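Heads up, the chain shows up twice below as structure tokens, two forms, tagged structure 1 and structure 2.
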Structure 1
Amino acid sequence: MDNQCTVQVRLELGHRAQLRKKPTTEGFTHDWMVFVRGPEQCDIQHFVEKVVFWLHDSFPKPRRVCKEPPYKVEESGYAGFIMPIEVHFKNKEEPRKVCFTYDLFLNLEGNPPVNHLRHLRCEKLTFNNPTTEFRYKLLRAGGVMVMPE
């Protein structure tokens, strides 16, 4: 257990949806934005090389890549879908990336009370035995070292 070390960093994933005042000519009823961001006062660009959002195949160019912040996709649509999201790290050792499956919903299952929706998903990422450089990238992004796993 001489050089065991575990680093935990937090990512915030989320989306906002609004019913349009007029549906588009294609019949899009909603404007949405999906994002990956750091917690308050945390720059995840230190450890994040790129984020890839995999949109539904109805959307044009469905593989959306943001190599720089802001890590977000903004589009208009008529239905919610499962959007795979890849967060690629600034490292040369595994884990190179983490893949999330995000539920972009235009309304919450139970009721449609208002025209505006906000959802937030905090995800804590755990790295065991990080290399020196990636640890410092992680620590600079607000990460902390915890009990070694």
Structure 2
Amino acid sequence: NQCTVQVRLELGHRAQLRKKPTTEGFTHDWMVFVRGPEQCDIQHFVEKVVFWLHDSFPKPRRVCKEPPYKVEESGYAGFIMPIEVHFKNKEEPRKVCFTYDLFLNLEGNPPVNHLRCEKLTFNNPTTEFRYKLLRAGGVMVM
């Protein structure tokens, strides 16, 4: 009476040099996201994604209750960004935290376009959460 369900999350970011006045201080535009692979719908099992920005940002706790799960910002430095993916789960685990390396392109390097692929293994999900994981394009491994 085991079942294991695997789902994939993609965390990623894009960064490039910003174009505004010498006197506006942000050197970069960036974008950070959480998504499913092609033809998966992670909204079936994801309640919300919380992006914890550097304390220097206004409202550093950025919440996406629905897709797209992303933050678009301007900034002057990279930082380590905690990213919490909350589940539509009534038991443990209720969420996963990732520590995301939000690094910028320095000294005339090309734009950054990074992806981090995370495989989540749910052991013995409740019947309802199992269904959500599968609706999202999750796979039974037993």
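Just so we're on the same page, residue numbers count up from 1 along structure 1's sequence. Only the largest set of C-alpha atoms that superpose within 1.5 Å between the two forms is called the rigid core. Only residues modelled in both forms are compared.
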Of 62, 70, 112, 39, only one moves its C-alpha by 2 angstroms or more between structure 1 and structure 2 once the rigid core is aligned, so tell me which. 112
For residue 49, state whether the C-alpha moves by 2 Å or more between structure 1 and structure 2 after rigid core superposition. no
Compare the position of the CA of residue 132 between structure 1 and structure 2 after a rigid core fit and state whether the shift reaches 2 Å. no
Aligned on the rigid core, do the two forms place the Cα of residue 26 2 Å or more apart, comparing between structure 1 and structure 2? yes
How much does the C-alpha of residue 8 move between structure 1 and structure 2, in Å, when the core is lined up? 0.4
Please identify, after superposing on the rigid core, every run of 3 or more consecutive residues whose C-alpha atoms all shift by 2 Å or more between structure 1 and structure 2, listing them in sequence order. 21-26, 107-115
